[PDB]
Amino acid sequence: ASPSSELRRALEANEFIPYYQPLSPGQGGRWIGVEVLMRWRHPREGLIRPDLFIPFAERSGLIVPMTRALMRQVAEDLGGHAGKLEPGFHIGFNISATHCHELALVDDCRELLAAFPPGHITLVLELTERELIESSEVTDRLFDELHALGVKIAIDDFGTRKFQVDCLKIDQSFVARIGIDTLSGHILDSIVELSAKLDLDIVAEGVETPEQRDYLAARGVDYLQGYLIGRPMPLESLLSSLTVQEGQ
C-alpha cells in the first residue's frame, strides 16, 4: 500500500466529502453560515479526520484538486437549496499555501458563486498566518481579483502579515482558557480590539460552554463556532436543521 496511490484513487472515487460546521451570531440566533470541513469516507477504515491526511495532500500537492472537488460538491449540495439559506449566507473553505500561487483559485470561486443566485451567499477562504509567509506581497493580484468577485479572506487560527483580509478567526486555544487565565483573557481582548480597529469581522472557534459564549458576546465578537452551536455534520443534518430554522 502507498499513501499517494490511496489519495489519488480516493479523489477519483469521490471519497472526500464535505462536513459542515455552522456559525452563529455572537448574540445568538439563526445560523448565518458554515465552515466546510473535509472528511475521508474510507471504505475500509471508516470516516477519517483531516489531520491524518491533509498534511500529505499538502506535501504531494494533491490538496489543490481535493479542494476543487470539495468546492464543486458544496455547490451541488447547497446550490439547489438556496431558498433555505439566509441572505448573505457565509460558506467557508480551508485553503493551503499552494493554492495561493497563480490564478486557478479565482476560476473555482467564480464557479461556486455561479451555482447560487448573485449576492445570496458570501464565499470565504481561510488561511493560517503561517501559510502567508510563503510570498507576502507579489503575485497578489489574486487577492484583488478574488475580492472583485466578492470573495472574502479570513485568517484562520489567529494568535497561534500585511494584507488584505476581511476576517480573523480566534483559535480554539484562546477560547478554551476563557475565565481561568487573566493573561490569555487580556491577549484575547487585544485580538478583538485589533479586529475592530482594522474593521475586520471576527469569529471565535471552539465555543463549547455558555460561559465562553457570554464572555465573547459581551465584547462584540461577531460570530461563534463550536460544539455549543453545533458539531461538524453531514449534508443531511444541515438541511434538516436549516429547514427547522425557516420555521419562526
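Residues carry their position along the shown sequence, with the first being 1.
Missing coordinates between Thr160 and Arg161 amount to 4 to 9 residues of the deposited sequence. Averaged over CA atoms, B-factors in the entry run higher in 133-141 than in the other of 133-141 and 146-154. On average the C-alpha atoms of 39-47 have higher B-factors than those of the other stretch, with 218-226 and 39-47 being the two compared. The maximum CA B-factor among the listed residues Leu127, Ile91, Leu168, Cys100, taken from the PDB record, is found at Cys100.
In the deposited entry, the Cα temperature factor of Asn14 sits in the top third of values across the chain's modelled residues. Annotation for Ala82: CA B-factor lies in the highest third of the chain's modelled residues. When the modelled residues of the chain are ordered by their C-alpha B factor, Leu112 lands in the middle third.
Annotation for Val74: CA B-factor lies in the middle third of the chain's modelled residues. Sort the modelled residues of the chain by CA B factor and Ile121 lands in the middle third.
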